[PDB]
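**Student:** Here you go, query_1.txt (compact mmCIF, N, CA and C atoms):
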```
# COMPACT_ATOMS: atom_id res chain seq x y z
N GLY G 1 -73.47 -153.69 -55.03
CA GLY G 1 -74.75 -153.21 -54.54
C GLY G 1 -75.13 -151.86 -55.13
N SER G 2 -75.91 -151.09 -54.38
CA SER G 2 -76.35 -149.78 -54.83
C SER G 2 -75.45 -148.68 -54.27
N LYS G 3 -75.32 -148.65 -52.95
CA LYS G 3 -74.49 -147.65 -52.28
C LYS G 3 -73.59 -148.30 -51.24
N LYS G 4 -72.61 -147.55 -50.75
CA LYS G 4 -71.69 -148.05 -49.74
C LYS G 4 -71.59 -147.09 -48.56
N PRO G 5 -72.59 -147.15 -47.66
CA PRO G 5 -72.64 -146.29 -46.48
C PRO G 5 -71.57 -146.65 -45.45
N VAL G 6 -70.87 -147.75 -45.71
CA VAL G 6 -69.81 -148.21 -44.81
C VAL G 6 -68.44 -147.82 -45.33
N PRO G 7 -67.60 -147.27 -44.44
CA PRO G 7 -66.24 -146.84 -44.79
C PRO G 7 -65.32 -148.02 -45.08
N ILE G 8 -65.88 -149.09 -45.64
CA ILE G 8 -65.11 -150.28 -45.96
C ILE G 8 -64.02 -149.97 -46.98
N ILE G 9 -63.17 -150.95 -47.24
CA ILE G 9 -62.08 -150.78 -48.20
C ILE G 9 -62.51 -151.21 -49.60
N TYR G 10 -62.07 -150.46 -50.60
CA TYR G 10 -62.41 -150.77 -51.99
C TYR G 10 -61.18 -150.65 -52.89
N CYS G 11 -60.99 -151.65 -53.75
CA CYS G 11 -59.85 -151.66 -54.66
C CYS G 11 -60.24 -151.07 -56.02
N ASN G 12 -59.64 -149.94 -56.36
CA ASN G 12 -59.92 -149.27 -57.63
C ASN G 12 -58.92 -149.70 -58.70
N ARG G 13 -59.29 -150.72 -59.47
CA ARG G 13 -58.42 -151.23 -60.53
C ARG G 13 -57.94 -150.09 -61.43
N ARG G 14 -58.78 -149.07 -61.59
CA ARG G 14 -58.45 -147.93 -62.42
C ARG G 14 -57.13 -147.29 -61.97
N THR G 15 -56.97 -147.16 -60.66
CA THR G 15 -55.76 -146.56 -60.09
C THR G 15 -54.88 -147.62 -59.45
N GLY G 16 -55.26 -148.89 -59.62
CA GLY G 16 -54.49 -149.98 -59.05
C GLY G 16 -54.13 -149.73 -57.59
N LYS G 17 -55.13 -149.40 -56.79
CA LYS G 17 -54.92 -149.14 -55.37
C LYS G 17 -56.24 -149.19 -54.60
N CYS G 18 -56.20 -149.73 -53.39
CA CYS G 18 -57.39 -149.83 -52.56
C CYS G 18 -57.46 -148.67 -51.57
N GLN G 19 -58.65 -148.08 -51.45
CA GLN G 19 -58.85 -146.96 -50.54
C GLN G 19 -60.19 -147.08 -49.81
N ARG G 20 -60.53 -146.06 -49.03
CA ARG G 20 -61.78 -146.06 -48.28
C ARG G 20 -62.78 -145.08 -48.89
N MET G 21 -63.96 -145.58 -49.24
CA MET G 21 -65.00 -144.75 -49.84
C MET G 21 -66.30 -144.87 -49.05
```
Could the structure of this file be written out as structure tokens, please?
**Tutor:**
Amino acid sequence: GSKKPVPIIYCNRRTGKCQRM
């Protein structure tokens, strides 16, 4: 989408780890 106003979980392949953004 455009933005993520929700503290949902996201997997950052760059750092090979999922966090909250």
**Student:** As an MDAnalysis selection string, please: every residue in chain G that DSSP puts in strand (DSSP E or B).
**Tutor:** chainID G and resid 9:12 17:20
**Student:** What gap, in Å, lies between CA of residue 1 (chain G) and atom N of residue 18 (chain G)?
**Tutor:**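 So the answer is 18.9 Å.
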**Student:** Could you check how far atom C of residue 20 (chain G) sits from atom C of residue 3 (chain G), in Å to one decimal?
**Tutor:** 11.5 Å
**Student:** Could you jot down the atom N of residue 2 (chain G) to atom C of residue 19 (chain G) separation for me, Å, one decimal place?
**Tutor:**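 Distance reported for this atom pair: 16.9 Å.
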**Student:** Counting all atoms listed in the file, which residues sit no farther than 8 Å from the position (-65.0, -152.7, -48.0) in the file's frame? I'd like them as an MDAnalysis selection string.
**Tutor:** chainID G and resid 6:11 19:21
**Student:** Write a file of the just-selected residues containing N, CA and C atoms, as a PDB file, keeping the file's coordinate frame.
**Tutor:**
```pdb
ATOM      1  N   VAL G   6     -70.870-147.750 -45.710  1.00  0.00           N
ATOM      2  CA  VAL G   6     -69.810-148.210 -44.810  1.00  0.00           C
ATOM      3  C   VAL G   6     -68.440-147.820 -45.330  1.00  0.00           C
ATOM      4  N   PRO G   7     -67.600-147.270 -44.440  1.00  0.00           N
ATOM      5  CA  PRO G   7     -66.240-146.840 -44.790  1.00  0.00           C
ATOM      6  C   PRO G   7     -65.320-148.020 -45.080  1.00  0.00           C
ATOM      7  N   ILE G   8     -65.880-149.090 -45.640  1.00  0.00           N
ATOM      8  CA  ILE G   8     -65.110-150.280 -45.960  1.00  0.00           C
ATOM      9  C   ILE G   8     -64.020-149.970 -46.980  1.00  0.00           C
ATOM     10  N   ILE G   9     -63.170-150.950 -47.240  1.00  0.00           N
ATOM     11  CA  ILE G   9     -62.080-150.780 -48.200  1.00  0.00           C
ATOM     12  C   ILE G   9     -62.510-151.210 -49.600  1.00  0.00           C
ATOM     13  N   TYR G  10     -62.070-150.460 -50.600  1.00  0.00           N
ATOM     14  CA  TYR G  10     -62.410-150.770 -51.990  1.00  0.00           C
ATOM     15  C   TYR G  10     -61.180-150.650 -52.890  1.00  0.00           C
ATOM     16  N   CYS G  11     -60.990-151.650 -53.750  1.00  0.00           N
ATOM     17  CA  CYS G  11     -59.850-151.660 -54.660  1.00  0.00           C
ATOM     18  C   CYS G  11     -60.240-151.070 -56.020  1.00  0.00           C
ATOM     19  N   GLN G  19     -58.650-148.080 -51.450  1.00  0.00           N
ATOM     20  CA  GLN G  19     -58.850-146.960 -50.540  1.00  0.00           C
ATOM     21  C   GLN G  19     -60.190-147.080 -49.810  1.00  0.00           C
ATOM     22  N   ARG G  20     -60.530-146.060 -49.030  1.00  0.00           N
ATOM     23  CA  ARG G  20     -61.780-146.060 -48.280  1.00  0.00           C
ATOM     24  C   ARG G  20     -62.780-145.080 -48.890  1.00  0.00           C
ATOM     25  N   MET G  21     -63.960-145.580 -49.240  1.00  0.00           N
ATOM     26  CA  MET G  21     -65.000-144.750 -49.840  1.00  0.00           C
ATOM     27  C   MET G  21     -66.300-144.870 -49.050  1.00  0.00           C
TER      28      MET G  21
END
```
**Student:** Some atoms are absent from region 7-21 of chain G, so rebuild N, CA, C and O atoms and return them as a compact mmCIF listing (two decimals), keeping the file's coordinate frame.
**Tutor:**
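Output contents, as saved in out.txt:
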```txt
# COMPACT_ATOMS: atom_id res chain seq x y z
N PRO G 7 -67.60 -147.27 -44.44
CA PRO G 7 -66.24 -146.84 -44.79
C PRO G 7 -65.32 -148.02 -45.08
O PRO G 7 -64.12 -147.97 -44.80
N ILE G 8 -65.88 -149.09 -45.64
CA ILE G 8 -65.11 -150.28 -45.96
C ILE G 8 -64.02 -149.97 -46.98
O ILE G 8 -63.96 -148.86 -47.52
N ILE G 9 -63.17 -150.95 -47.24
CA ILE G 9 -62.08 -150.78 -48.20
C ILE G 9 -62.51 -151.21 -49.60
O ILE G 9 -63.23 -152.20 -49.76
N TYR G 10 -62.07 -150.46 -50.60
CA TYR G 10 -62.41 -150.77 -51.99
C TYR G 10 -61.18 -150.65 -52.89
O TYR G 10 -60.42 -149.68 -52.80
N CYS G 11 -60.99 -151.65 -53.75
CA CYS G 11 -59.85 -151.66 -54.66
C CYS G 11 -60.24 -151.07 -56.02
O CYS G 11 -61.07 -151.63 -56.73
N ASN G 12 -59.64 -149.94 -56.36
CA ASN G 12 -59.92 -149.27 -57.63
C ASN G 12 -58.92 -149.70 -58.70
O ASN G 12 -57.84 -149.12 -58.82
N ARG G 13 -59.29 -150.72 -59.47
CA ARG G 13 -58.42 -151.23 -60.53
C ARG G 13 -57.94 -150.09 -61.43
O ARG G 13 -56.84 -150.14 -61.97
N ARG G 14 -58.78 -149.07 -61.59
CA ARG G 14 -58.45 -147.93 -62.42
C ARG G 14 -57.13 -147.29 -61.97
O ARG G 14 -56.29 -146.93 -62.79
N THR G 15 -56.97 -147.16 -60.66
CA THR G 15 -55.76 -146.56 -60.09
C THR G 15 -54.88 -147.62 -59.45
O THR G 15 -53.88 -147.31 -58.81
N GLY G 16 -55.26 -148.89 -59.62
CA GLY G 16 -54.49 -149.98 -59.05
C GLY G 16 -54.13 -149.73 -57.59
O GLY G 16 -52.96 -149.84 -57.21
N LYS G 17 -55.13 -149.40 -56.79
CA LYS G 17 -54.92 -149.14 -55.37
C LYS G 17 -56.24 -149.19 -54.60
O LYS G 17 -57.27 -148.74 -55.10
N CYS G 18 -56.20 -149.73 -53.39
CA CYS G 18 -57.39 -149.83 -52.56
C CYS G 18 -57.46 -148.67 -51.57
O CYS G 18 -56.47 -148.31 -50.95
N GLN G 19 -58.65 -148.08 -51.45
CA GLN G 19 -58.85 -146.96 -50.54
C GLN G 19 -60.19 -147.08 -49.81
O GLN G 19 -60.89 -148.08 -49.95
N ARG G 20 -60.53 -146.06 -49.03
CA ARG G 20 -61.78 -146.06 -48.28
C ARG G 20 -62.78 -145.08 -48.89
O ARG G 20 -62.49 -143.89 -49.04
N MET G 21 -63.96 -145.58 -49.24
CA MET G 21 -65.00 -144.75 -49.84
C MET G 21 -66.30 -144.87 -49.05
O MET G 21 -66.33 -144.61 -47.84
```
